[PDB]
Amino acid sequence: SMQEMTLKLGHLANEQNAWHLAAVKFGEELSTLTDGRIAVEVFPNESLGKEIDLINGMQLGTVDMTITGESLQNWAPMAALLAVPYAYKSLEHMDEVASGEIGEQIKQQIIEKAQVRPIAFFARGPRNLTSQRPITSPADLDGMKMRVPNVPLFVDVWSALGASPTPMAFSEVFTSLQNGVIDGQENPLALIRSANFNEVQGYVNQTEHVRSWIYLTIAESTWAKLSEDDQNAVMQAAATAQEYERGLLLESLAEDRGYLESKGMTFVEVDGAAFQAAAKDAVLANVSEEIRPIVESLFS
């Protein structure tokens, strides 16, 4: 019948990735719940903009929604908790933190300081280091040029480990690897697959150095314009999408390694104790005083 608005939702994954399917599901549910009054247009592959630019757009009023997580720490320091290296043990552990009082504090700081509102969270598989030569311990890095996202803690940690990390938008990584500007990057297997990093990297080093969650978010200025009933619909759609996305994540854990191996990637076992010890030291040396007690608790 009537269509009152169309929310633009951007993310960095491709159309087979769990996040995309979840974003589509969110849109379907929200449309149903609002009798078509609120439509969602999904923009994959950073086609709406790079992550940092979408966050700025949400603040300025030009972007409605995105999938974003620890890059929010550039505005809300507590958001670094989404992705502390070696902190979270499992999906269940992360669900507890993200859904508990610590998670509520993180949510409120993101709203206040970044002017974006998390409405759902998606747990992720572990990040792994990819490279052109095997990397079995920190000693192997030897100044290796690598990409990290726009996440200050990741710059701190990877520098301390012995690499030379440069922050870059996700959609620029493939060409940067292809052109030899950087030699490696780090991400969960689902995103290595999504971005076809198998075409420009030889090795997946199983560092498993970060287990993290990420948020589906709506601009606080968009949220503010919605009626209470429509806010409720957004939350309900988001909850449905979250349950759906978890299933897709679990499916991907069964298949993504095999797929990447079929595309020629070699998986490398690492000296986990060495990586863990060195990374935890670097985290503690660089963590904001604001979240230090929580990190010390997680590391205990």
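From 1 onward, residues are counted along the sequence shown.
With 216 to 224 and 177 to 185 compared on mean CA B-factor from the PDB entry, the stretch scoring higher is 177 to 185. Of the two segments, 276 to 284 and 16 to 24, the one listed with the higher mean B-factor is 276 to 284 (C-alpha atoms only). Taking the deposited Cα B-factors for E208, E96, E104, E199, the highest one is held by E199. Across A87, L191, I110, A169, the entry's maximum B-factor at the CA atom is seen for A169. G36 sits in the middle third of its chain by CA B factor, as recorded in the PDB entry. Per-chain ranking of the deposited C-alpha B factor places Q236 in the middle third. Sort the chain's modelled residues by C-alpha temperature factor and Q59 lands in the middle third, per the entry.
Remark: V42 belongs to the middle third of its chain, ranked by C-alpha B-factor as recorded. When all modelled residues of the chain are sorted by CA temperature factor, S262 is found within the highest third.
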